[PDB]
Amino acid sequence: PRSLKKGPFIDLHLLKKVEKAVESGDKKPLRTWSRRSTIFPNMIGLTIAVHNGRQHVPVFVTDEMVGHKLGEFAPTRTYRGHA
Amino acid sequence: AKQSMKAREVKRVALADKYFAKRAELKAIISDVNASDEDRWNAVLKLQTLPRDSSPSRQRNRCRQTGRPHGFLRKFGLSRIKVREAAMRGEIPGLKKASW
Amino acid sequence: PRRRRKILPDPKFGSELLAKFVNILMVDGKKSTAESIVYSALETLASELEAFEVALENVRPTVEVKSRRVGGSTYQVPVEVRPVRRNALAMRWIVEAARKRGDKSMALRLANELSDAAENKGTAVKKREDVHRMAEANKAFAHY
Amino acid sequence: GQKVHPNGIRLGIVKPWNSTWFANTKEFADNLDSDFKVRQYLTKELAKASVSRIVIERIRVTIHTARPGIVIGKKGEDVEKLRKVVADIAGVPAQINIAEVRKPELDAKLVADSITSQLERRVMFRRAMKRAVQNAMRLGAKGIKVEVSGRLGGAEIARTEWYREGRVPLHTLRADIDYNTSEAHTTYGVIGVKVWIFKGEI
Amino acid sequence: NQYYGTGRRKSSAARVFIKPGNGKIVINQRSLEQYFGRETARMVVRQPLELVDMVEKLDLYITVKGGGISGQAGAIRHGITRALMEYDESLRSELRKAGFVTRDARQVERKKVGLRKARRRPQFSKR
Amino acid sequence: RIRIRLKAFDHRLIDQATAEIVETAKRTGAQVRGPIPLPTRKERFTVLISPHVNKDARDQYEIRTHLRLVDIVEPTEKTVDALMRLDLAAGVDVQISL
Amino acid sequence: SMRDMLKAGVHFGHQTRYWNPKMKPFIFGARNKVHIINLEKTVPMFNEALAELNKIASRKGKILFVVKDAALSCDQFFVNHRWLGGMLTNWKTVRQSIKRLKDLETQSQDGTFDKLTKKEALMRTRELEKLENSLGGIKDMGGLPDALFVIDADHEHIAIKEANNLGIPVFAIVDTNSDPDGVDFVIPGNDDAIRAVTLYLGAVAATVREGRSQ
Amino acid sequence: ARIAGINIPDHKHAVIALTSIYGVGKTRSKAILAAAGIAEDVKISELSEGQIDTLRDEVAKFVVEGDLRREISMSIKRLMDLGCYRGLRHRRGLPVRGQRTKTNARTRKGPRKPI
Amino acid sequence: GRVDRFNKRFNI
RNA sequence: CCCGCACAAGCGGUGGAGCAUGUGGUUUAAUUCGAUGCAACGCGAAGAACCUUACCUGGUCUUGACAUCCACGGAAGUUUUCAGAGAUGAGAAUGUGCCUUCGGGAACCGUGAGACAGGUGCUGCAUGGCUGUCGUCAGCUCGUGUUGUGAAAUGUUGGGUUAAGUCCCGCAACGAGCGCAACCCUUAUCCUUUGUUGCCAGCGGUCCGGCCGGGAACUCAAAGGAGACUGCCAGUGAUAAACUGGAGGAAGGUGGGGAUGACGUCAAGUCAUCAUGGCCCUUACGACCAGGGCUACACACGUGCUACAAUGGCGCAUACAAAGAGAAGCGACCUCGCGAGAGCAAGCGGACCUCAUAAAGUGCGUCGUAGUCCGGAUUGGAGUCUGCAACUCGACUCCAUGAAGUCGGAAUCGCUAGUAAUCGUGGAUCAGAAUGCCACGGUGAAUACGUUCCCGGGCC
Ligand SMILES: [K+]
Ligand SMILES: [K+]
Ligand SMILES: [K+]
Ligand SMILES: [K+]
Ligand SMILES: [K+]
Ligand SMILES: [K+]
Ligand SMILES: [K+]
Ligand SMILES: [K+]
Ligand SMILES: [K+]
Ligand SMILES: [K+]
Ligand SMILES: [K+]
Ligand SMILES: [K+]
Ligand SMILES: [K+]
Ligand SMILES: [Mg+2]
Ligand SMILES: [Mg+2]
Ligand SMILES: [Mg+2]
Ligand SMILES: [Mg+2]
Ligand SMILES: [Mg+2]
Ligand SMILES: [Mg+2]
Ligand SMILES: [Mg+2]
Ligand SMILES: [Mg+2]
Ligand SMILES: [Mg+2]
Ligand SMILES: [Mg+2]
Ligand SMILES: [Mg+2]
Ligand SMILES: [Mg+2]
Ligand SMILES: [Mg+2]
Ligand SMILES: [Mg+2]
Ligand SMILES: [Mg+2]
Ligand SMILES: [Mg+2]
Ligand SMILES: [Mg+2]
Ligand SMILES: [Mg+2]
Ligand SMILES: [Mg+2]
Ligand SMILES: [Mg+2]
Ligand SMILES: [Mg+2]
Ligand SMILES: [Mg+2]
Ligand SMILES: [Mg+2]
Ligand SMILES: [Mg+2]
Ligand SMILES: [Mg+2]
Ligand SMILES: [Mg+2]
Ligand SMILES: [Mg+2]
Ligand SMILES: [Mg+2]
Ligand SMILES: [Mg+2]
């Protein structure tokens, strides 16, 4: 994982988008491609639609998700079984 | 390699040179032990906002004659194929077939 | 091959026969490991080189089978064994036998096998007897 | 089988390098690229001047040419045009020297270029090859081999034709084998020419 | 007066200075027992003196560099042999017959392209 | 003391460059600790020779960097001025340290 | 003479079973299953040969003996070890090997064998002796023989065939076991006894000297 | 002998015997023993009831046995309930740490299942 | 739980 | 009739296990393309997080990302704000140079236009170049001559001999060429030269460290030489080639290893290194961007690594290498950290400094044959570092966990000596990312009766 001395990574574009979503109200799903962004405490209760390569998967952020990357909640590969 | 792929490398080398000192400054702040969390945090966010192609790790060494992105030798700046062609024509000084 | 080596003797006793034995015991070029096993075994068994000779005498085969294809049929023909190959097989069979035993150290396994060999007891001696059994079951095919 | 490059195997035995400069790793790839660009420029610019070989020392360029007059020009005007451009490529002060090739029929590159010129002007490939061989042996080659490969005479099936005269002992390292290649860009595609000229041992 | 011999084996080279004495052997400022743990290495070093019967009649000052235990022991034997022939030229034939005068020219064969080692080819699958 | 380190890719070229330096420096009154042959670097390169596959088909090349040291002990005015008027053969890299 | 040739042993042929039936004119009889040459034919035929060998000599014509003593003692030419196939018909090639024999005779004098490597100098001398045995007696000929003298037409059938091909008068000692076709001047007799051959060799050597001299 | 609700073996050196406890490896066993003052080569048979009681106290400083098993179970359950990538890998019984599944992955997948 | 380790481990 | 690790004789493997890796298949939005019997499958790739990247999804551009030409604008540039995932739009601040025939051209930036650019699109069965392969196998040919109506033959076959169409002898062939061999590199011995950054025999000092003064001996460095020729000797043989043994010699019969690959074969491989005929696309098959994928997983195959232990594991102590790399680099010492590492910071473009501590070994102790003090997979927790960024998908560390595995069926692979086996070490690629590859030393075997058999090949 990212070294603690550098802090948790988040894309600035998402950080500002979250801050504006928090202050405004219970806004719409936040569309992002920032799979690499850490889930911060202030994202709790937001829906982030996280890109998985072809679609923005809605991820309702809970307290347990904090510290994880957004990409963890948006699987990229489809697999249902071989037969 | 395609002409566009050769143009991407040129663009990556130029941006890397153009932002080299700025990146060095920000990375110094981020890694500095005796810096404020706010200063480190602002530096982390600023380093993102620079073009990704300003990062030297974005550059792929390509054969300077063909643009081949594999089989590169840094000594010569060429792919294995163009090294061998130049070597046999006597265009690489000192380089001969080695046995031991 | 279609177109037809110097062994240094053992330091402790000056025997090329025991130097060969160490080499057969040796794994992975670890000669010092093998030397310490053999010398431990001989000391335990014990002269050292007399007791080794007695053990070899009871494992050495004089005859064995060799597969010989003739007329699209493969028989197990008895052949004489040459002085060198007699020693070579004896030493190989003692080591094989010693390795298969379920005692603690190879030093102890080997000493026991060499002691058993002198009694005409162990699986090295059994192997010789099985080779002699095979050569006598095919005494018909001797000078075919 | 595939054969070793005759020139490459004889480098530092009986065959010199065409680039003779020292560099550490820092400058080595830059020097190779500038050398490449100098040879690229001079090969094109002196395409009608029978250039056999371009030796680069560090910049000092020696052009081995069968026609020294056409390279040099009137009062050395043409060589001065080259020297300014070579200085601009190399990014250092340039000297252009001009070595004479006295016998172009014995120079492998010029013979190879002579054949490929003729092939692009639709000369019969056997005629071009046979005269190249004849002329070399007339001018005292110990031997010559010429190989032409491709769609010879615009045939659909490509093939390799070669002719040899005298000795061409390619396994003999002390043999002075002059070897070079050329490509003829025809209407049916690329015909490759290889020429080996044996000038004796040592 | 001291008689010298260079000895070499694998990548080892030994400098052997012999003089009249009481059978002292110093190798890299250490005794023979200190330097060489292995008894085969000690045997190899002492072989030439044992052959010519000068075990307790000569002092050896030895330095050795390169290779391993067996390389260095073998280098030293070659060096002692050469020093003994400087000491006494009549010994050549005895030392030659023992095989000590030969420089054992066996070296590690280079690794080769396509092989795992010098000769070990990679495993073949027909099918 | 002037240390002169010569490097080249050919030993015959480096030996002549040293031979010139020792001659000119010794013609003038200078103590010359003569050409010390230092270890040749052999930089090796293995390359695949096919344009595609055939992983076991390789060429092995080397550049030998030859290296010579000449020390000019107790030198004069005429020494250094003589060593500034040598055009040593191109392909010889001269590194003068003091 | 018929007397000269009796001591010589010209009249003795080969065994009767091994005969050529084309030699039936020249056989008198058969003693002890040995065909006897009719010397009433021989001496008339040997003289008309020597008449012609005088003429060809007298036109400064080169006579190739196929022996060493007789050819050297009238300043003409010999092949006394195996006739190399195509000596005359492939003269253009074979002459290049005579040029090589000449060169190794100079490289003896110039000292070249005492200059190069010892073991590949004696090698160059081994050629000289091999080329000497083959090409030595036609070293200083420098063309084709104007006539060919042969001992045993059957043994030297290759030489005779080349001479016919080119148009070179063949003279030959044809025993009772040999074929006369391809011989312009058949000389019936004995080719396998030394006193008969040395008689024949001695008598042709007479007319060569005499023709050229006169 | 009885520590952390398990029988630790009496015949083994104490440093090895303590690694019978789930949650105690070689490093923690050395740490437990260094703290308790017991030498690491001493057999559990040799030790006295008082010394075994000092080990019981030192072991209780760590989370071990059923306390550790429920901590691990809950940590895996959390991931599965989150539905994070790692959670889904736990659900599917596949490698969790980016290993190849085209081949291998038999420790997670178990024995081969013919078609 | 996860908010606590986040706010502790990372210095903002 | 011969040969080759072809078999046999041996030694160690593969096949079973876990893992790494490639491939098939299946799956997928995409799992980019190529390599497919030997001669594809740790192959192109000497290193896919982003980039690379060729693929997918979506967002975008249309003379264009990359050239030349034309006209019109305007110095380049630099700094910064807003929107946007970014591409990219909008700005805003600022600069206003250089050539100065004082005319203006030229940098470099835009915008318009259409000649064109662009294409990792197709055809390796249109090609060049390069490569594999039979095979480093001893072959393959030509001229002239001769023989045959002729295709062709001879030479090149034959007797010996050789690693060899190697050499000798014979011979309707005589010669020659390409191959063989030799010349090249390296390794083994010696000599000469030079003597630092390497060396330390003798000689003084000494803090006992080549540390110092010194010495030039020796190791070594690397230039030049010498040396091996069946040269000598004996026997065998056709008064031959050669063979067998012997001497001397560091080396002996090609001393060892490498480079070196004949005419050709497989329409073998590569249009995706590059180049190139033809074909095809041109507001798209070109171009830019973010995110995903190339890492998917019922499964099959290939190549490896690690094991299964006691010839071993663990702990402590302690020996002996070679080869190599290094400036946006190698990074000591010191301090901090259990550790990965961090901080501070010498030295070094290197025989100097650094990577860097060889490991196996040896001594002592312990374990005592157990699924274990074997094994180290998997998984949890906590970290470090590189990097805009390690979710998909990095490496490494610590604590915890402690799987299968008890030496592997039929079958099958490698190796003849400093080899195999085993042990570490380094390098290329590379920000980071090896169990692969390329290279380096350490320790160091067994066996070869023989040619019936299997496989490939040579000659009649
Ligand atoms: K435990
Ligand atoms: K995966
Ligand atoms: K091709
Ligand atoms: K012919
Ligand atoms: K094409
Ligand atoms: K990706
Ligand atoms: K592997
Ligand atoms: K495997
Ligand atoms: K132990
Ligand atoms: K265990
Ligand atoms: K990752
Ligand atoms: K196995
Ligand atoms: K690396
Ligand atoms: Mg292109
Ligand atoms: Mg990169
Ligand atoms: Mg090795
Ligand atoms: Mg652990
Ligand atoms: Mg992985
Ligand atoms: Mg076998
Ligand atoms: Mg397996
Ligand atoms: Mg394609
Ligand atoms: Mg594929
Ligand atoms: Mg491979
Ligand atoms: Mg990508
Ligand atoms: Mg923005
Ligand atoms: Mg195209
Ligand atoms: Mg093809
Ligand atoms: Mg294909
Ligand atoms: Mg043939
Ligand atoms: Mg030949
Ligand atoms: Mg050769
Ligand atoms: Mg001998
Ligand atoms: Mg094909
Ligand atoms: Mg992308
Ligand atoms: Mg892949
Ligand atoms: Mg270096
Ligand atoms: Mg390292
Ligand atoms: Mg363990
Ligand atoms: Mg067991
Ligand atoms: Mg072999
Ligand atoms: Mg290894
Ligand atoms: Mg043959």
Side-chain angles (χ1 to χ4, degrees), chain A residues 3 9 13 33 35-36 51 53-54 69 71-72 76-79 82-83, chain B residues 2-4 7 47-48 52 55 57-58 60 66 68-71 79 81 97 99-100, chain C residues 1-2 23 26-34 37 69-70 104 106, chain D residues 1-2 4 13 150-151 156 158 171-174 183 188-190 192, chain E residues 11 13 15 37 65-69 72 102-103 105-111 119-121 123-125, chain F residues 15 34-39 46 49-55 57 69, chain G residues 84-86 89-90 93-94 119 158, chain H residues 16 23 25 27 72 75 85 98 100-102 104 106-107 113 115:
Chain A
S3 50
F9 190 73
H13 58 249
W33 292 255
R35 293 179 63 77
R36 70 193 186 171
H51 197 243
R54 56 174 173 186
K69 304 310 199 76
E72 295 180 57
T76 65
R77 297 195 196 65
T78 294
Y79 176 70
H82 284 291
Chain B
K2 306 195 296 189
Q3 294 296 102
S4 61
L47 183 63
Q48 300 171 18
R52 293 194 180 182
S55 183
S57 292
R58 301 275 287 191
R60 182 67 177 218
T66 62
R68 203 183 194 265
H70 275 292
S79 65
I81 298 155
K97 281 184 71 74
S99 47
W100 68 93
Chain C
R2 296 181 186 290
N23 293 174
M26 169 170 72
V27 188
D28 301 336
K30 296 184 75 159
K31 185 170 288 205
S32 69
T33 306
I37 290 161
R69 200 194 198 75
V70 248
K104 285 301 200 289
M106 184 63 188
Chain D
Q2 276 60 253
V4 69
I13 307 173
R151 292 177 70 182
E156 290 187 2
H171 289 61
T172 306
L173 297 172
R174 73 187 188 183
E183 292 187 309
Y188 298 101
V190 181
Chain E
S11 66
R15 301 166 57 245
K65 293 189 296 192
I69 300 158
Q72 287 191 164
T102 305
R103 201 290 201 193
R106 296 180 293 170
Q107 303 293 111
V108 174
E109 185 176 345
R110 61 167 286 184
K111 197 209 159 285
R119 301 197 187 187
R120 212 290 183 225
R121 291 187 70 69
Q123 179 165 287
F124 176 71
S125 44
Chain F
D15 288 357
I36 298 103
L38 291 174
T46 303
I49 64 177
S50 188
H52 190 64
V53 304
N54 310 129
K55 178 55 163 283
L69 176 67
Chain G
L84 305 190
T89 59
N90 193 20
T93 307
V94 166
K119 61 141 176 160
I158 300 184
Chain H
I16 308 305
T27 301
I72 294 163
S75 70
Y85 176 80
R100 72 186 307 112
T101 62
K102 185 174 189 180
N104 304 345
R106 302 313 317 173
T107 303
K113 294 171 293 301
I115 318 307

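These values consider heavy atoms only, across backbone and side chains, with no hydrogens, waters or symmetry-generated copies. Labels below follow one simple rule: chain letters A, B, ... track the order of the sequence lines, proteins then strands, and each chain is numbered from 1.
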Its side chain under 5.0 Å from groove-defining base atoms, F:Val53 lies in the minor

Could you check whether C:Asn23 gets within reach of a base, just the sugar-phosphate, or nothing at all, counting any heavy atom under 4.0 Å?
sugar-phosphate

#### Entry: Separation between the P atoms of J:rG12 and J:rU21, rounded to whole Å
31 Å

>> What's B:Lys2 touching, base or sugar-phosphate or nothing? Going by heavy atoms closer than 4.0 Å.
In response: sugar-phosphate

Query raised in the report: Looking across every strand, which nucleic acid part, if any, lies under 4.0 Å from B:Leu47 by heavy atom: base, sugar-phosphate, or nothing?
Result: sugar-phosphate

(message) So, OP1 or OP2 of J:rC385: does either fall under 4.0 Å of a side-chain N or O from A:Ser3?
(response) yes

Inset, instruction - Determine the contact category for B:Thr66: base if any of its heavy atoms lies under 4.0 Å from a base atom, sugar-phosphate if only primed atoms, P, OP1 or OP2 are that close, otherwise nothing. - result: base

- prompt: Watson-Crick or G-U wobble, both distances under 3.5 Å: is that what J:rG246 and J:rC232 have going on?
  reply: yes

Quiz item: Would you say J:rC19 has OP1 or OP2 under 4.0 Å from some side-chain N or O of H:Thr107?
Solution: yes

Does J:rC393 have OP1 or OP2 under 4.0 Å away from a side-chain N or O of H:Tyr85?
yes

> Can a side chain N or O of C:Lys104 be found less than 4.0 Å away from OP1 or OP2 on J:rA310?
Replying inline: no

Subject >> N or O in side chain of C:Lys30 less than 4.0 angstrom from J:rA421 OP1/OP2 >> reply: no

| What about J:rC338 and J:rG424: are they a Watson-Crick or G-U wobble pair, with both distances under 3.5 Å? | no

task: Using a 4.0 Å heavy-atom cut-off across all strands, classify D:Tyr188 as base, sugar-phosphate, or nothing.
output: base

For H:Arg100 and J:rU21, is the shortest distance between a side-chain N/O and OP1 or OP2 below 4.0 Å? yes

Check: Can you check whether B:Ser4 has a side-chain N or O nearer than 4.0 Å to OP1 or OP2 of J:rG118?
Finding: no

**Request:** Look at all strands and tell whether B:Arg52 reaches a base, only sugar-phosphate, or nothing, counting heavy atoms closer than 4.0 Å.
**Result:** base

(message) Let's test your reading of the model: under 3.5 Å, does the base of J:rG258 pair with the side chain of B:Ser99 as donor and acceptor?
(response) yes

- Looking at A:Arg77, does any N or O in its side chain come under 4.0 Å of the phosphate oxygens OP1/OP2 on J:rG293? yes

message = Given the structure, is J:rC174 a Watson-Crick or G-U wobble partner of J:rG143 (both distances under 3.5 Å)?
response = yes

So is J:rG409 sitting in a Watson-Crick or G-U wobble pair with J:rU28, both distances under 3.5 Å? no

With a cut-off of less than 4.0 Å, is there a side-chain N or O of B:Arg68 near OP1 or OP2 of J:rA45?
yes

Under 4.0 Å: is that the gap between some side-chain N or O of H:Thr27 and OP1 or OP2 of J:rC399?
yes

Do J:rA377 and J:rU23 make a Watson-Crick or G-U wobble pair, both distances under 3.5 Å? no

